[PDB]
Ligand SMILES: [Mg+2]
Ligand SMILES: [Zn+2]
Ligand SMILES: [Zn+2]
Ligand SMILES: [Zn+2]
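Protein chains in written order, with our numbering: chain A, -13 to 536; chain B, 552 to 658; chain C, 7 to 93; chain D, 670 to 781; chain E, 1025 to 1195; chain F, 828 to 924; chain G, 388 to 567; chain H, 327 to 601.
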């Protein structure tokens, strides 16, 4: 955001999901993440050539980024990479990896069941990329022979070679984050090495894996296994750096240093005097930290808890709903130009009005563009200042730079220019979204005409009590101020209280006369009830439209 | 159409797709006692010709996938002897319009 | 493709303007008016860009066109000038 | 007939509480649970297991698992679901977003 | 070489220009941006043909801002040099390292070493020259060059050429 | 204040698409990123002022676009990449309905 | 990079690595300069290449018509050719366009055939050859005397034409040559 | 409910589709009308004795005591015996009979009060007020004016526009019930004897029914999915329940709604109703 860029501005028309190839991870990388350390080497408290590191983005408000030289706000951050000492399963694909293993010969890489098998032919025909893989799996899982030859479609007596070796297939089971096979006096039991799984996957034909759920360009099964790990830049794992002599690294920064630590342990162990049953130990550890980094809340396994004993935020857990990125940061957001206070009803507001306390009106602003129509009014609001009620808070120049009327030494001699925006106070009759949560209705959010009033409560007409499901038992409501001439039009023309009167929920109106007015209307409209002139004249005057005819 | 009492052995069942283009239907006598199509809730399903279906998709700018489906094993689908892809025009009475027509493609 | 554009003759969407098309025309025009675009109607002392836009719509002097997309991706273009505004 | 009975049963829940809901609403829910020939539940493994947008479906109940499968099967989100445009911060093809607005230079020059 | 290409630029106009001199403004902003431009993809966009019939099409109004985006379809004369392309040009500069040759909008540079042995530099000549037993190459001489390779730069395409092969050199 | 999922629903119900966008973007976390036109990631090293844009390991300095998305979405995407998932954003359609 | 220019060729380039090939006179021009082009009317149209003589007359004509449109909206021979084009440029061009002034001076100084009549007859002559647009352009742009002079400078040719056939063309081209 | 219906919207082709463009409803709520523009109205031809229906709707210009009295319209005296005209009223009535039997097929219980789109009672009311209809002097309407005027109005009640037999038959269906009500309320005897409409008044009732009807159709862009979801959901939140504190005691309200949406196989109160 914020600075000008010559790059063409378009909209995302498609999202192509896929898997990272290790090759991509390296190409796309700005730093080879080498050390678990974050800085303070040579003495200097400033990011190290290993973790975090300038190559990735800024820790400080430096202006430096090394990569783009743009600075914190503008810089999105750039990915680094860690070359892993041994391949590791991506925790989220362990079951799929097992199912791919169950479908293919764990030796020659051929898909265990050919287009020679009739049931397989039907399964292959399935157009659904996933339902096909389901049908393929159910058929191949119970195939424990990689056939050399098979009965021909013409005659089943004279068998035809379909290709592939003649190896027995293992009965695969999941034991933690490992896969163990059982071939066939007594069965042979051994763990399947991540390398071995990967090698077999690399040997699966394009035609074979595109017959499984996979994609030649975007998700080759071999990419479910990780060799080159991308390192998310600092904006994903912000170092909340308080004071000078202190920092505050993110959970992810620790888990990554753990991955790094475990990796060096493994790489130095295998390179040097490898006891080979201490190598498998460090490899299990690297598999644990790479698994537990993406998902920490793994089925029937211990949690990878912090120093504190605090479980550690998995990237998974970050996105997992109600408060995830998706449910809490994207489908929902806390928003600017919003207000909230206790509501209390008013018989002297119109149905479509909303009483806004002066303090609230004085905080919330509308960005009005200086034009020949308002130039005169707008200069008065700017003159009035951010403290008087009909006033303004900021003046935005052509330059895009904001003038703070509270402090500007030129706040009194501002001479507006067409094009500038005056961020003025919300004034009477501005359309605003008014809302009582839970928002179960179209009507739980309606557009109202502002009425700036004294006292600290939002005032509403009593007949609009029903659609909101509001009481004055101490209920609070939200106000949202639109900022575009366009979004106001949306509120006024589509969701304003009068429009919302006859609801499509029940093909009947969702507002009517209530409480005092309902009780009193029966009372007034009785045969027995009569009114003397004195009061008739007041009761007439009170009707604002009244034609002036007694 | 073979109307069987209790069962048709799987050894006999092998013979059903054995003689194409001709299609064979297996119906249990017990299911046929009541004509389900006669039920209060069962509307009228009308089998559409190749041309009739082509026109449907043309006129609503539809891909077969977009059409609401009917399972090949659906009681009414079986009754009309619906094959895969065959589209059925369902005419039900409506409390909103008087009569409403939906279409269901076979599976 | 440009088999996408449905021709003026043989067009079948409502010859009327939708509540949404009105809300977006008024908004769009008020936004344009608000950011100093030339106004095609004589403002008879008018100053609110929405009130000016409404006057523009009322005199059918809005030079916008609605591109109505069909589910297949095809479209019928309808001018603000030609659409009936019952609402 | 399943659809008919399903409507009846949904309606009878609403009608019993006295309250009235216009036919079309209950009809639409019932129609949705039925278009794909058979009874599609309004649950995690019902509607959320459709061929709809990977981003759209992750927005309800099986989020990360959904997105993992998106990568593994190289899914392509069309971006026509409200949800995707909400995630992308784009004007959704909803109501006011169902069409496009264009300036006609011809009519512009005709008005001036 | 020197092509005629069918190209299209997307211009975004601010609401203030939604007046009648719009197609007028657009067609000009097209020439502002595109004319005299230089890409690697198309080379030098030299002159926009058929100003009178430039296709503005309908302009889509961008949603949160009032501006309208037009895809202005046009057709122009372009210059794209290539390796193996034989060019006729005129000397522009000349030093101890070689001489530059102005070929249309771009310069082709001949190396001391991409010239025949017999042709050798002379510092003491006004302006400096390259002297062979028969011909002399200086600041204004016409040369036929064979483009050995091209380098794409911001708003230019520079190239290296040879006058070593037969039928290449002074003209 | 919160413009939560439920408030999103109501705006959709109203068909107020522009208001919803404003609420989610301009009134909250709207952000500008540079996308690669080839590989569709936020890889672009945009030194905007020198006017340089590059997707090294694509060698792309031509097919580059700018997009406005919620920062939370920019984040979500980097988070998915951190977990080896490629959420490739493309500015043009490839299928057609 | 910037809001650059699009083409009428549709790029299908999804993820696939930059497999872009060599540019030579093995007539391996760009993808952007393929023989089978597509004009703005969606029709397949053959590549357009210009001999300096054509190229000058095109830019001249274009700028001349532009002056006409500019004077309409306003309402409501060798060195003396160079002199005059510099004046047309002062009017129809942005002046910031140094490239076109440089181009016009080059074409005005290197054009083999001056008047349209001859540039048409040259076009009609090389038309028949059925050679690549680029080769037909070079045969107009580069003056050759030997079939070998031509076949050397335009290697692309080689076996495409007879030595004597090309020499008949090169002769006709010298005859059509304007005496500046 | 919301997350299951989000992407359902009405398209510019009057169809109801999701983000896949799969058809859900061929036209919103089988009638193609915006729920807000609907009101409970009585379909008169459905109920009562056939004798009472006959008295209400039958006109027989060939029967001295079953014609329209000249007190009803000017033409009255000269309309008696008009064979060609009796062919119009005969067809008019044959259709009113058709409607009655059809309605009885749709609403089996003989329920007449159904929410439909144009408040015809109010139009006639307003017309009478507007024109100060004198329920004394004879109308200036002709049999053809009424008979063919109503016939012509029907053709202009457009929900679907499309120059093809599929889209056109779709249109005929969508207006099948409304027309039933229309034919019911604007029958020759009703128009002349009940409402005492003049040609002016009648022509106005027609132009208004047309206008009001067109106004009543759903707007493409209508986010009809979320609408439906919320319209079922919000009433659920207002449920006391379960099924009193005691016919059959079937599980109801929130627990039965949960049971339904889950498509629960093992349900609390399974039961048949054998007739
Ligand atoms: Mg309370
Ligand atoms: Zn950076
Ligand atoms: Zn094998
Ligand atoms: Zn890239």
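Yeah, the Cβ is synthetic: ideal placement off N, Cα and C, and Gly gets one too.
Meets three-Cβ-pair contact criterion under 8 Å: the segment 516 to 531 of chain H and the segment 84 to 93 of chain C:
no
Is residue 454/G helix, strand or coil when you go by DSSP?
Mapped onto the seventh chain, residue 454/G falls at position 67. The answer is helix: DSSP assigns residue 454/G an H, G or I state.
Report yes or no: do the segment 1129 to 1136 of chain E and the segment 1179 to 1188 of chain E share at least 3 C-beta pairs separated by less than 8 Å?
yes
Name the DSSP beta bridge partners of residue 1032/E, please?
Along the fifth chain, one-based indexing puts residue 1032/E at 8. According to DSSP, which records beta bridges pairwise, residue 1032/E is partnered with 1097/E and 393/G.
Beta bridge counterpart(s) of residue 1174/E as assigned by DSSP
Counted from its first residue, the fifth chain places residue 1174/E at position 150. According to DSSP, residue 1174/E bridges with 1183/E.
Check the Cβ-Cβ distances between residue 77/C and every residue of chain B, and say whether any is below 9 Å.
Taking the first residue of the third chain as 1, we reach residue 77/C at position 71. Interface residue, yes.
Identity of the residue in 567/B, 575/B, 596/B and 590/B nearest residue 651/B by Cα:
Within the second chain, the letter at position 100 stands for residue 651/B. Residue 651/B has its Cα closest to that of 596/B, out of 567/B, 575/B, 596/B and 590/B.
When you compare each of 542/H, 412/H, 463/H and 515/H to residue 442/H by their alpha carbons, which one comes out closest?
Position 116 of the eighth chain, counted from the start, is the residue given in the question as residue 442/H. Looking at the Cα atoms, 542/H is the closest of the given residues.
Going by alpha carbons, who is nearest to residue 149/A out of 164/A, 159/A, 162/A and 132/A?
By 1-based counting over the first chain, the position of residue 149/A is 163. Nearest C-alpha to residue 149/A: 132/A.
Residue 105/A (DSSP reduced to helix, strand or coil)
As a position in the first chain, residue 105/A is number 119, starting the count at 1. Residue 105/A falls in the helix class under three-state DSSP.
Within 7 Å of chain A by C-beta, residues of the segment 1082 to 1098 of chain E in sequence order
1088
Report the rounded CA-to-CA distance for residue 446/G versus residue 531/G, giving the unit in angstroms.
Looking up residue 446/G in the seventh chain gives position 59. Looking up residue 531/G in the seventh chain gives position 144. C-alpha separation (whole angstroms): 25 Å.
Nearest-angstrom Cα distance between residue 539/H and residue 372/A?
Taking the first residue of the eighth chain as 1, we reach residue 539/H at position 213. Taking the first residue of the first chain as 1, we reach residue 372/A at position 386. Their Cα atoms are separated by approximately 52 Å.
Taking residue 1155/E as part of the beta strand (DSSP E), name the residues at either end of that continuous run.
Numbered from 1 along the fifth chain, position 131 holds the residue referred to as residue 1155/E. Looking at the DSSP string, the run of the beta strand (DSSP E) that includes residue 1155/E is 1153 to 1155.
What is the chain-ordered set of residues for which the beta carbon lies under 6 Å from any non-hydrogen atom of ligand 2?
43/A, 51/A, 53/A, 54/A, 56/A, 61/A and 64/A
Got a sec: does ligand 3 put a non-hydrogen atom nearer than 8 Å to the Cβ of residue 102/A?
Here residue 102/A corresponds to residue number 116 of the first chain, with the count starting at 1. Checking every heavy atom of ligand 3 against the Cβ of residue 102/A, none is found closer than 8 Å.
Proximal residues of chain F, C-beta to C-beta of residue 1065/E below 9 Å
Counted from its first residue, the fifth chain places residue 1065/E at position 41. The contacting residues are 889.
Closer than 8 Å is the cut-off here; do at least three beta carbon pairs connect the segment 348 to 355 of chain H with the segment 679 to 689 of chain D?
no
Tell me the DSSP secondary structure of residue 426/H in three-state form.
Taking the eighth chain and counting its residues from 1, one reaches residue 426/H at position 100. Here residue 426/H sits in helix by DSSP.
Use the C-beta contact count for residue 845/F: other C-beta atoms within 10 angstroms, 16 or more gives buried, fewer gives exposed.
Here residue 845/F is taken as the residue at index 18 of the sixth chain, counted from 1. Residue 845/F is buried by the Cβ-count criterion.
Thinking residue 465/A and residue 418/A are a contact (beta carbons under 8 Å), I'd like their distance in whole angstroms, please.
Here residue 465/A is taken as the residue at index 479 of the first chain, counted from 1. Here residue 418/A is taken as the residue at index 432 of the first chain, counted from 1. Contact flag correct, Cβ pair sits at about 5 Å.
Give a yes or no on whether 9 Å exceeds the smallest Cβ distance from residue 401/G to chain A.
For the purposes of this step, residue 401/G is identified with residue 14 of the seventh chain, where counting begins at 1. The C-beta of residue 401/G comes closer than 9 Å to at least one C-beta of chain A.
Grab me the residues of residue 43/A's own chain with a C-beta within less than 7 Å of its C-beta, minus the 5 sequence neighbours each way, in chain order.
Walking along the first chain from the start, residue 43/A turns up at place 57. Cβ-Cβ distances below 7 Å link residue 43/A to 51, 61, 63, 64, 219, 220 and 221 in the same chain, with the five nearest sequence neighbours on each side left out; the list follows chain order.
Using 9 Å as the limit for Cβ to Cβ distance, is residue 70/C near chain A?
Position 64 of the third chain, counting from 1, holds the residue named residue 70/C. With 9 Å as the cut-off, residue 70/C does not count as an interface residue toward chain A.
For residue 351/H, go through chain D and note every residue whose CB falls closer than 7 Å to its CB, in chain order.
Reading the eighth chain from its first residue, position 25 is the one you call residue 351/H. Within chain D, the C-beta atoms nearer than 7 Å to that of residue 351/H come from 697 and 700, in chain order.
Pairing CB atoms from the segment 763 to 773 of chain D with CB atoms from the segment 856 to 868 of chain F, are three or more of them under 8 Å?
no
Are any of the Cβ atoms in chain H nearer than 9 Å to that of residue 25/C?
Here residue 25/C refers to the residue found at position 19 of the third chain. Yes, residue 25/C lies at the interface with chain H (some Cβ there is under 9 Å from its Cβ).
Would the segment 280 to 294 of chain A and the segment 870 to 886 of chain F be scored as touching if the rule is three or more Cβ pairs under 8 Å?
no
Taking contact to mean at least 3 C-beta pairs separated by less than 8 Å, is the segment 356 to 367 of chain H in contact with the segment 739 to 757 of chain D?
no
Return the residue from the list 487/A, 321/A, 351/A and 254/A that minimises the CA-CA distance to residue 410/A.
Looking up residue 410/A in the first chain gives position 424. For residue 410/A, the nearest C-alpha among the options comes from 351/A.
Once you ignore the five residues that flank residue 343/H on each side, which residues in its own chain have a CB closer than 8 Å to its CB?
Translated into the one-based positions of the eighth chain, residue 343/H becomes position 17. Here the set comprises 334, 335, 337, 349 and 350.
Since residue 246/A contacts residue 37/A with CB under 8 Å, what's their CB separation in whole angstroms?
For this step, residue 246/A is matched to residue 260 along the first chain. For this step, residue 37/A is matched to residue 51 along the first chain. Going by Cβ atoms, the distance from residue 246/A to residue 37/A rounds to 7 Å, so yes, they are a contact pair.
Simplified DSSP assignment, three categories, for residue 154/A:
For the purposes of this step, residue 154/A is taken as the residue at position 168 of the first chain. Here residue 154/A sits in strand by DSSP.
Mind listing the chain F neighbours of residue 33/C? Cutoff is C-beta to C-beta under 9 Å, in chain order.
For this step, residue 33/C is matched to residue 27 along the third chain. Chain F residues near residue 33/C: 845.
Could you give the DSSP three-state label for residue 246/A: helix, strand or coil?
Taking the first residue of the first chain as 1, we reach residue 246/A at position 260. The answer is helix: DSSP assigns residue 246/A an H, G or I state.
Does DSSP put residue 461/A in a helix, in a strand, or in coil?
By 1-based counting over the first chain, the position of residue 461/A is 475. In this structure, residue 461/A counts as coil in the three-state DSSP scheme.
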